[PDB]
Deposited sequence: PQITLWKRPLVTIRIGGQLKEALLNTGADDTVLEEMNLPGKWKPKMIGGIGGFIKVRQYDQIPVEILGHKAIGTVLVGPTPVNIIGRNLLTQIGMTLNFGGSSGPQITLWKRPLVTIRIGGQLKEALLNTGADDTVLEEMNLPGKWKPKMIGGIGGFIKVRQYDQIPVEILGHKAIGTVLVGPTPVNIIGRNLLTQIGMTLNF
């Protein structure tokens, strides 16, 4: 079965006996759910995202059912804006990225060509938009705010920017600002024909 990326890849999961909606997120190493009660011992941890770091409760070896597939692994609970299923559980359910096939054991990092430079970027199904580390691109831009796990960052929005990803041509909006990682979001993933599959 094959999930396209024109919309957010939201799915129903079952966890601690309850149903929830969560985002299938190739850009997350770990699974992070909104504040909730889970049984058992937990340890405090910190994780980072596009807007900085947050404190979470780490629960180990928690059963989670996703698209009718059973995973058992680490679930973090804290002030995430969206429930996200990260690579720790996506691998357990046999999910891959396809366009060639890309497995999710490690961060799905690939080379992109943009504005005459070659960069390494993260194929991120949990990003609406593409966000590149600071660079002085020519052209008209407008300011924008974009959010994620620890809050918001200010970025520059450039439109109709030609990109090439894994030999595939795309052209779209690129946001530029102080992101810790270059991110390829769904706006461009849909253009190069990328899907999630399991």
{"query": "Non-modelled portions of the deposited polymer sequence, in sequence order", "finding": "100 to 104"}
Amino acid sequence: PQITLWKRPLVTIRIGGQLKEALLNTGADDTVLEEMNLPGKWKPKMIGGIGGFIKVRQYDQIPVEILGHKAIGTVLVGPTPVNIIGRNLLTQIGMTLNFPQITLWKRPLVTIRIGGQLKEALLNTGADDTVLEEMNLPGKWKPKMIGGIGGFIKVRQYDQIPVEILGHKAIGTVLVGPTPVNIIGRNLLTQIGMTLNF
From here on, numbers count along this sequence of modelled residues.
item: Which of 48 to 56 and 26 to 34 has higher mean CA B factor, as the PDB entry lists it; value: 48 to 56
item: Per the entry, higher mean C-alpha B factor between 181 to 189 and 9 to 17; value: 9 to 17
item: Member of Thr96, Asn124, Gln117, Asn88 with the greatest C-alpha B factor (per the PDB record); value: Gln117
item: Given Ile153, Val64, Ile165, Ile149, the residue at which the Cα B factor reaches its maximum; value: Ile165
item: CA B-factor placement of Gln157, once the chain's modelled residues are sorted into thirds; value: middle
item: Third of the chain's Cα B-factor distribution that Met145 belongs to, per the entry; value: lowest
item: Third of chain Cα B-factors occupied by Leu109; value: middle
item: Ranked against its chain, the third holding the CA B-factor of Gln101; value: highest
item: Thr173 by Cα B-factor - lowest, middle or highest third of the modelled chain; value: middle
